[PDB]
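*Asks:* Would you mind keeping the following structure in view while I ask a few things?
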2 protein chains.
Amino acid sequence: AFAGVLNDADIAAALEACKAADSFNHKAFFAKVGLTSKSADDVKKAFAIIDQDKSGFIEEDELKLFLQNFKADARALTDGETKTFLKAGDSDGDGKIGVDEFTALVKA
Amino acid sequence: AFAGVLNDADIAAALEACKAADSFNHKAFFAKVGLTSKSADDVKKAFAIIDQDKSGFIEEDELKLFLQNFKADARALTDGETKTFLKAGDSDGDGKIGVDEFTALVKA
Ligand SMILES: [Ca+2]
Ligand SMILES: [Ca+2]
Ligand SMILES: [Ca+2]
Ligand SMILES: [Ca+2]
């Protein structure tokens, strides 16, 4: 769903780097895919895509499927990867990621 | 923000019909703009656009600005219009519209 927003080549490179189980790193991904240099606006658009059910939060099953929003056939993150990603972004400890937590996670 | 999803002509007709203060009717708008025949998926995409801050709910100030998501220079809804729209869609009475309430509002 990041057709004319990211860059096909950027997404491909990002995905190739984390193909191995437990090799994912959110900072490396965001930087490579080109999201870190985006406007708060486009970051909110990205958030909405990742929030599959539009609940206003990225819950753990949505996070597990993170890569699939970029390339449909991308692998699922491992439990370890998901938990690490969740822990890094979940500032208030409610177990999900809201738009502000997501924005801080992206912008670093 | 409904560039290749709606139809320029549909949006224009929809907007012309409710230009007068208190002339808005959500069922007439949705039918005219072509949202009622959309897949639950595209309806969720529309929801996300209307939910300006990505909180997961369309709050009353967002509802007031409903038309502005279709054409940037569209008028704001009146208080009467907003309240009526809110009342029609807010099934659980919490004062905001969640994705499921929005979907039912669209599909009729
Ligand atoms: Ca969600
Ligand atoms: Ca949180
Ligand atoms: Ca909102
Ligand atoms: Ca409600």
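Simple scheme: letters A, B, ... for chains in structure tokens order, numbers from 1 for residues in each chain, numbers from 1 for ligands in the order shown.
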What are the nearest atom pairs, with distances in Å to one decimal, for all residues of chain B that come at most 12 Å from ligand 1, using only C-alpha atoms and all ligand atoms, set out by chain and rising residue number as JSON lines?

*Replies:*
{"residue": "B:44", "atom": "CA", "partner": "ligand 1", "partner_atom_place_in_ligand_line": "1 (Ca)", "distance": 11.6}
{"residue": "B:48", "atom": "CA", "partner": "ligand 1", "partner_atom_place_in_ligand_line": "1 (Ca)", "distance": 11.5}
{"residue": "B:54", "atom": "CA", "partner": "ligand 1", "partner_atom_place_in_ligand_line": "1 (Ca)", "distance": 10.8}
{"residue": "B:55", "atom": "CA", "partner": "ligand 1", "partner_atom_place_in_ligand_line": "1 (Ca)", "distance": 10.6}
{"residue": "B:56", "atom": "CA", "partner": "ligand 1", "partner_atom_place_in_ligand_line": "1 (Ca)", "distance": 8.4}
{"residue": "B:57", "atom": "CA", "partner": "ligand 1", "partner_atom_place_in_ligand_line": "1 (Ca)", "distance": 12.0}
{"residue": "B:98", "atom": "CA", "partner": "ligand 1", "partner_atom_place_in_ligand_line": "1 (Ca)", "distance": 11.9}
{"residue": "B:99", "atom": "CA", "partner": "ligand 1", "partner_atom_place_in_ligand_line": "1 (Ca)", "distance": 10.7}

*Asks:* With N, CA and C atoms retained, export the selected residues as a PDB file, in the first residue's frame.

*Replies:*
ATOM      1  N   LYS B  44     -13.332   1.649   5.184  1.00  0.00           N
ATOM      2  CA  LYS B  44     -12.335   1.839   6.252  1.00  0.00           C
ATOM      3  C   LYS B  44     -11.258   2.845   5.890  1.00  0.00           C
ATOM      4  N   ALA B  48     -10.511   6.469   7.817  1.00  0.00           N
ATOM      5  CA  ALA B  48      -9.178   6.948   8.222  1.00  0.00           C
ATOM      6  C   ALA B  48      -8.886   8.331   7.771  1.00  0.00           C
ATOM      7  N   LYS B  54      -6.154  10.516  13.564  1.00  0.00           N
ATOM      8  CA  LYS B  54      -5.920   9.074  13.714  1.00  0.00           C
ATOM      9  C   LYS B  54      -6.135   8.620  15.122  1.00  0.00           C
ATOM     10  N   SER B  55      -7.149   9.083  15.837  1.00  0.00           N
ATOM     11  CA  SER B  55      -7.424   8.618  17.193  1.00  0.00           C
ATOM     12  C   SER B  55      -8.212   7.305  17.199  1.00  0.00           C
ATOM     13  N   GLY B  56      -8.761   6.938  16.065  1.00  0.00           N
ATOM     14  CA  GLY B  56      -9.597   5.786  15.859  1.00  0.00           C
ATOM     15  C   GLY B  56     -11.118   6.181  15.952  1.00  0.00           C
ATOM     16  N   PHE B  57     -11.347   7.454  16.138  1.00  0.00           N
ATOM     17  CA  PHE B  57     -12.791   7.879  16.224  1.00  0.00           C
ATOM     18  C   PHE B  57     -12.879   9.240  15.514  1.00  0.00           C
ATOM     19  N   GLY B  98     -16.944   5.514  15.787  1.00  0.00           N
ATOM     20  CA  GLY B  98     -15.849   4.478  15.567  1.00  0.00           C
ATOM     21  C   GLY B  98     -15.985   3.887  14.224  1.00  0.00           C
ATOM     22  N   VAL B  99     -15.068   3.057  13.690  1.00  0.00           N
ATOM     23  CA  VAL B  99     -15.144   2.486  12.389  1.00  0.00           C
ATOM     24  C   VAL B  99     -16.445   1.682  12.135  1.00  0.00           C
TER      25      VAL B  99
END

*Asks:* Please return, as a list in words, all residues of chain B lying within 12 Å of chain A when only C-alpha atoms are considered.

*Replies:*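 Filtering chain B at 12 Å from chain A with only C-alpha atoms gives residues 1, 40, 41, 42, 43, 44, 45, 46, 47, 48, 49, 50, 51, 52, 53, 54, 55, 56, 57, 58, 97, 98, 99, 100, 101, 102 and 103 of chain B.
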
*Asks:* Create the file for the chosen residues now, containing N, CA and C atoms and written as a short mmCIF file (atom, residue, chain, number, x, y, z; two decimals), in the first residue's frame.

*Replies:*
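Result file out.cif:
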data_model
loop_
_atom_site.label_atom_id
_atom_site.label_comp_id
_atom_site.auth_asym_id
_atom_site.auth_seq_id
_atom_site.Cartn_x
_atom_site.Cartn_y
_atom_site.Cartn_z
N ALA B 1 -8.85 14.39 -0.75
CA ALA B 1 -8.09 13.18 -0.62
C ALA B 1 -8.77 11.98 -1.25
N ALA B 40 -16.25 -2.71 2.20
CA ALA B 40 -15.98 -2.45 3.63
C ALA B 40 -14.56 -1.91 3.79
N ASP B 41 -13.65 -2.40 2.97
CA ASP B 41 -12.25 -2.04 2.89
C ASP B 41 -12.00 -0.57 2.54
N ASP B 42 -12.67 -0.18 1.45
CA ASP B 42 -12.56 1.21 0.98
C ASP B 42 -13.30 2.12 1.97
N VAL B 43 -14.31 1.57 2.62
CA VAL B 43 -15.08 2.36 3.61
C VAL B 43 -14.12 2.67 4.79
N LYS B 44 -13.33 1.65 5.18
CA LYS B 44 -12.34 1.84 6.25
C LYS B 44 -11.26 2.85 5.89
N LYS B 45 -10.88 2.89 4.61
CA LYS B 45 -9.90 3.84 4.09
C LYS B 45 -10.47 5.28 4.21
N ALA B 46 -11.75 5.42 3.83
CA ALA B 46 -12.48 6.69 3.92
C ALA B 46 -12.54 7.16 5.38
N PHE B 47 -12.82 6.21 6.28
CA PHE B 47 -12.90 6.50 7.71
C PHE B 47 -11.62 7.17 8.22
N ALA B 48 -10.51 6.47 7.82
CA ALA B 48 -9.18 6.95 8.22
C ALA B 48 -8.89 8.33 7.77
N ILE B 49 -9.35 8.74 6.59
CA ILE B 49 -9.18 10.08 6.06
C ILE B 49 -9.97 11.10 6.93
N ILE B 50 -11.21 10.71 7.26
CA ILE B 50 -12.07 11.63 8.05
C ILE B 50 -11.57 11.78 9.48
N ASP B 51 -10.98 10.69 9.95
CA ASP B 51 -10.40 10.72 11.34
C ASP B 51 -9.05 11.46 11.22
N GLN B 52 -9.02 12.75 11.15
CA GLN B 52 -7.90 13.63 10.97
C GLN B 52 -6.69 13.29 11.87
N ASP B 53 -6.94 13.15 13.12
CA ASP B 53 -5.81 12.89 14.08
C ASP B 53 -5.55 11.42 14.25
N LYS B 54 -6.15 10.52 13.56
CA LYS B 54 -5.92 9.07 13.71
C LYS B 54 -6.14 8.62 15.12
N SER B 55 -7.15 9.08 15.84
CA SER B 55 -7.42 8.62 17.19
C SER B 55 -8.21 7.30 17.20
N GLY B 56 -8.76 6.94 16.06
CA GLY B 56 -9.60 5.79 15.86
C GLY B 56 -11.12 6.18 15.95
N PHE B 57 -11.35 7.45 16.14
CA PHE B 57 -12.79 7.88 16.22
C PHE B 57 -12.88 9.24 15.51
N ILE B 58 -14.09 9.44 14.97
CA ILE B 58 -14.33 10.77 14.31
C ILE B 58 -14.98 11.56 15.46
N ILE B 97 -17.67 8.74 16.63
CA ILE B 97 -17.97 7.66 15.72
C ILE B 97 -16.75 6.75 15.46
N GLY B 98 -16.94 5.51 15.79
CA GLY B 98 -15.85 4.48 15.57
C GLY B 98 -15.99 3.89 14.22
N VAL B 99 -15.07 3.06 13.69
CA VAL B 99 -15.14 2.49 12.39
C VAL B 99 -16.45 1.68 12.13
N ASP B 100 -16.87 0.92 13.10
CA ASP B 100 -18.10 0.09 12.85
C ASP B 100 -19.31 1.02 12.73
N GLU B 101 -19.32 2.03 13.60
CA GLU B 101 -20.50 2.96 13.47
C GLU B 101 -20.46 3.64 12.15
N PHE B 102 -19.28 4.03 11.69
CA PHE B 102 -19.14 4.70 10.38
C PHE B 102 -19.59 3.80 9.24
N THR B 103 -19.16 2.52 9.27
CA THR B 103 -19.50 1.57 8.24
C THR B 103 -21.03 1.39 8.10
#

*Asks:* Do you know which residues are at most 12 Å from residue B:76 counting only C-alpha atoms, after dropping those on the same chain fewer than 5 positions away, and could you put them as a list in words?

*Replies:*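 Here the qualifying residues turn out to be residues 15, 18, 19, 20, 21, 22, 24, 60, 61, 62, 63, 64, 65, 66, 67, 68, 69, 70, 71, 81 and 82 of chain B.
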
*Asks:* Would you save the residues from that selection as a PDB file, in the first residue's frame, using N, CA, C and O atoms?

*Replies:*
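Output contents, as saved in again20.pdb:
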ATOM      1  N   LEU B  15     -21.536  18.110  -3.330  1.00  0.00           N
ATOM      2  CA  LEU B  15     -21.222  19.367  -2.716  1.00  0.00           C
ATOM      3  C   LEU B  15     -22.207  20.477  -3.132  1.00  0.00           C
ATOM      4  O   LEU B  15     -22.650  21.287  -2.319  1.00  0.00           O
ATOM      5  N   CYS B  18     -25.645  20.338  -1.241  1.00  0.00           N
ATOM      6  CA  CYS B  18     -25.729  20.767   0.154  1.00  0.00           C
ATOM      7  C   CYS B  18     -25.019  22.054   0.435  1.00  0.00           C
ATOM      8  O   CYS B  18     -24.535  22.213   1.579  1.00  0.00           O
ATOM      9  N   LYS B  19     -24.977  22.962  -0.537  1.00  0.00           N
ATOM     10  CA  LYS B  19     -24.267  24.231  -0.292  1.00  0.00           C
ATOM     11  C   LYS B  19     -24.964  25.103   0.691  1.00  0.00           C
ATOM     12  O   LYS B  19     -24.308  25.761   1.509  1.00  0.00           O
ATOM     13  N   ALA B  20     -26.286  25.143   0.726  1.00  0.00           N
ATOM     14  CA  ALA B  20     -27.084  25.950   1.654  1.00  0.00           C
ATOM     15  C   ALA B  20     -26.957  25.438   3.093  1.00  0.00           C
ATOM     16  O   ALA B  20     -26.942  24.224   3.339  1.00  0.00           O
ATOM     17  N   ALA B  21     -26.860  26.363   4.019  1.00  0.00           N
ATOM     18  CA  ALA B  21     -26.759  26.046   5.451  1.00  0.00           C
ATOM     19  C   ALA B  21     -27.903  25.130   5.828  1.00  0.00           C
ATOM     20  O   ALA B  21     -29.075  25.325   5.430  1.00  0.00           O
ATOM     21  N   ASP B  22     -27.675  24.070   6.575  1.00  0.00           N
ATOM     22  CA  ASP B  22     -28.662  23.089   7.036  1.00  0.00           C
ATOM     23  C   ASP B  22     -29.303  22.243   5.958  1.00  0.00           C
ATOM     24  O   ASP B  22     -30.381  21.621   6.259  1.00  0.00           O
ATOM     25  N   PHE B  24     -27.551  19.719   4.503  1.00  0.00           N
ATOM     26  CA  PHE B  24     -26.848  18.441   4.476  1.00  0.00           C
ATOM     27  C   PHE B  24     -27.699  17.275   4.982  1.00  0.00           C
ATOM     28  O   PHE B  24     -28.426  17.344   5.975  1.00  0.00           O
ATOM     29  N   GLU B  60     -16.368  15.110  17.376  1.00  0.00           N
ATOM     30  CA  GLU B  60     -17.253  16.184  16.810  1.00  0.00           C
ATOM     31  C   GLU B  60     -16.526  17.205  16.035  1.00  0.00           C
ATOM     32  O   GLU B  60     -17.170  17.600  14.932  1.00  0.00           O
ATOM     33  N   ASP B  61     -15.336  17.746  16.348  1.00  0.00           N
ATOM     34  CA  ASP B  61     -14.751  18.768  15.487  1.00  0.00           C
ATOM     35  C   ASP B  61     -14.394  18.132  14.127  1.00  0.00           C
ATOM     36  O   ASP B  61     -14.369  18.917  13.166  1.00  0.00           O
ATOM     37  N   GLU B  62     -14.038  16.835  14.109  1.00  0.00           N
ATOM     38  CA  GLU B  62     -13.732  16.248  12.810  1.00  0.00           C
ATOM     39  C   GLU B  62     -14.950  16.119  11.915  1.00  0.00           C
ATOM     40  O   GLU B  62     -14.878  16.325  10.696  1.00  0.00           O
ATOM     41  N   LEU B  63     -16.076  15.821  12.521  1.00  0.00           N
ATOM     42  CA  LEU B  63     -17.351  15.662  11.823  1.00  0.00           C
ATOM     43  C   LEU B  63     -17.771  17.016  11.230  1.00  0.00           C
ATOM     44  O   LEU B  63     -18.316  17.018  10.105  1.00  0.00           O
ATOM     45  N   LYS B  64     -17.523  18.017  11.985  1.00  0.00           N
ATOM     46  CA  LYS B  64     -17.895  19.397  11.533  1.00  0.00           C
ATOM     47  C   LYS B  64     -17.211  19.771  10.256  1.00  0.00           C
ATOM     48  O   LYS B  64     -17.695  20.494   9.354  1.00  0.00           O
ATOM     49  N   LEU B  65     -15.990  19.221  10.074  1.00  0.00           N
ATOM     50  CA  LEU B  65     -15.155  19.440   8.900  1.00  0.00           C
ATOM     51  C   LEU B  65     -15.294  18.343   7.875  1.00  0.00           C
ATOM     52  O   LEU B  65     -14.468  18.287   6.917  1.00  0.00           O
ATOM     53  N   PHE B  66     -16.276  17.485   7.953  1.00  0.00           N
ATOM     54  CA  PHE B  66     -16.505  16.369   7.044  1.00  0.00           C
ATOM     55  C   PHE B  66     -16.317  16.630   5.580  1.00  0.00           C
ATOM     56  O   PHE B  66     -15.625  15.960   4.802  1.00  0.00           O
ATOM     57  N   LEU B  67     -17.014  17.699   5.091  1.00  0.00           N
ATOM     58  CA  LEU B  67     -16.955  18.056   3.678  1.00  0.00           C
ATOM     59  C   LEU B  67     -15.565  18.443   3.168  1.00  0.00           C
ATOM     60  O   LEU B  67     -15.360  18.248   1.966  1.00  0.00           O
ATOM     61  N   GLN B  68     -14.786  18.993   4.070  1.00  0.00           N
ATOM     62  CA  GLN B  68     -13.425  19.460   3.714  1.00  0.00           C
ATOM     63  C   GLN B  68     -12.514  18.305   3.312  1.00  0.00           C
ATOM     64  O   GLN B  68     -11.533  18.602   2.593  1.00  0.00           O
ATOM     65  N   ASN B  69     -12.870  17.093   3.669  1.00  0.00           N
ATOM     66  CA  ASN B  69     -12.023  15.954   3.205  1.00  0.00           C
ATOM     67  C   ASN B  69     -12.240  15.671   1.740  1.00  0.00           C
ATOM     68  O   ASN B  69     -11.381  14.985   1.138  1.00  0.00           O
ATOM     69  N   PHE B  70     -13.324  16.107   1.150  1.00  0.00           N
ATOM     70  CA  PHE B  70     -13.706  15.866  -0.233  1.00  0.00           C
ATOM     71  C   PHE B  70     -13.261  16.958  -1.171  1.00  0.00           C
ATOM     72  O   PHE B  70     -12.883  16.683  -2.317  1.00  0.00           O
ATOM     73  N   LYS B  71     -13.350  18.158  -0.692  1.00  0.00           N
ATOM     74  CA  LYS B  71     -12.938  19.390  -1.429  1.00  0.00           C
ATOM     75  C   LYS B  71     -12.502  20.343  -0.354  1.00  0.00           C
ATOM     76  O   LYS B  71     -13.304  20.725   0.513  1.00  0.00           O
ATOM     77  N   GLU B  81     -26.308  20.506  11.902  1.00  0.00           N
ATOM     78  CA  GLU B  81     -25.978  19.425  10.986  1.00  0.00           C
ATOM     79  C   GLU B  81     -25.044  18.359  11.617  1.00  0.00           C
ATOM     80  O   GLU B  81     -25.280  17.174  11.389  1.00  0.00           O
ATOM     81  N   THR B  82     -24.097  18.927  12.342  1.00  0.00           N
ATOM     82  CA  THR B  82     -23.095  18.030  13.002  1.00  0.00           C
ATOM     83  C   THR B  82     -23.748  17.130  14.038  1.00  0.00           C
ATOM     84  O   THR B  82     -23.534  15.919  14.077  1.00  0.00           O
TER      85      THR B  82
END

*Asks:* Select the residues contacting ligand 2 at a distance of at most 6 Å, based on only C-alpha atoms and all ligand atoms, then format the selection as an MDAnalysis selection string.

*Replies:* chainID A and resid 90:98

*Asks:* Based on the selection just made, write C-alpha atoms of those residues as a PDB file, in the first residue's frame.

*Replies:*
ATOM      1  CA  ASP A  90       4.795   1.513  23.751  1.00  0.00           C
ATOM      2  CA  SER A  91       5.607   4.523  25.923  1.00  0.00           C
ATOM      3  CA  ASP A  92       2.557   4.275  28.172  1.00  0.00           C
ATOM      4  CA  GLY A  93       2.685   0.516  28.604  1.00  0.00           C
ATOM      5  CA  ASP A  94      -0.887  -0.229  27.524  1.00  0.00           C
ATOM      6  CA  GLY A  95       0.372  -2.932  25.121  1.00  0.00           C
ATOM      7  CA  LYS A  96      -0.484  -1.174  21.823  1.00  0.00           C
ATOM      8  CA  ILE A  97       0.895   1.692  19.775  1.00  0.00           C
ATOM      9  CA  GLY A  98      -1.067   4.943  19.293  1.00  0.00           C
TER      10      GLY A  98
END

*Asks:* Please indicate the distance in Å from atom CA of residue B:104 to atom CA of residue B:75, rounded to one decimal place.

*Replies:*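 Answer for the atom CA of residue B:104 to atom CA of residue B:75 separation: 24.7 Å.
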
*Asks:* Could you state the separation of atom CA of residue B:74 and atom CA of residue A:38 in Å, given to one decimal place?

*Replies:*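 We find that atom CA of residue B:74 and atom CA of residue A:38 lie 27.4 Å from each other.
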
*Asks:* Quick one: residues within 7 Å of residue A:36, only C-alpha atoms, excluding same-chain residues fewer than 5 positions away - as number ranges by chain?

*Replies:* A: 30-31, 106-107

*Asks:* Those same residues, written as a PDB file, in the first residue's frame with N, CA, C and O atoms?

*Replies:*
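Output (again38.pdb):
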ATOM      1  N   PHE A  30      12.926   1.669   8.996  1.00  0.00           N
ATOM      2  CA  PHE A  30      12.372   3.041   8.735  1.00  0.00           C
ATOM      3  C   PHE A  30      13.310   3.913   7.947  1.00  0.00           C
ATOM      4  O   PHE A  30      12.885   4.647   7.030  1.00  0.00           O
ATOM      5  N   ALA A  31      14.590   3.855   8.313  1.00  0.00           N
ATOM      6  CA  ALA A  31      15.641   4.665   7.617  1.00  0.00           C
ATOM      7  C   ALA A  31      15.760   4.189   6.190  1.00  0.00           C
ATOM      8  O   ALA A  31      15.657   5.021   5.241  1.00  0.00           O
ATOM      9  N   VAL A 106       9.190   6.447  14.565  1.00  0.00           N
ATOM     10  CA  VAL A 106       9.664   6.692  13.227  1.00  0.00           C
ATOM     11  C   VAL A 106      10.762   7.756  13.090  1.00  0.00           C
ATOM     12  O   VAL A 106      11.764   7.586  12.399  1.00  0.00           O
ATOM     13  N   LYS A 107      10.504   8.877  13.730  1.00  0.00           N
ATOM     14  CA  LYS A 107      11.318  10.081  13.712  1.00  0.00           C
ATOM     15  C   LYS A 107      12.572   9.954  14.539  1.00  0.00           C
ATOM     16  O   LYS A 107      13.515  10.736  14.336  1.00  0.00           O
TER      17      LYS A 107
END

*Asks:* Counting only C-alpha atoms, figure out which residue out of B:6, B:105, B:72, B:12 gets nearest to residue B:85.

*Replies:*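 Closest to residue B:85 of all the choices is B:105.
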
*Asks:* Point out the residue among B:16, B:23, B:108, B:8 with the least atom-to-atom distance to residue B:89, counting only C-alpha atoms.

*Replies:*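 Among B:16, B:23, B:108, B:8, it is B:108 that comes nearest to residue B:89.
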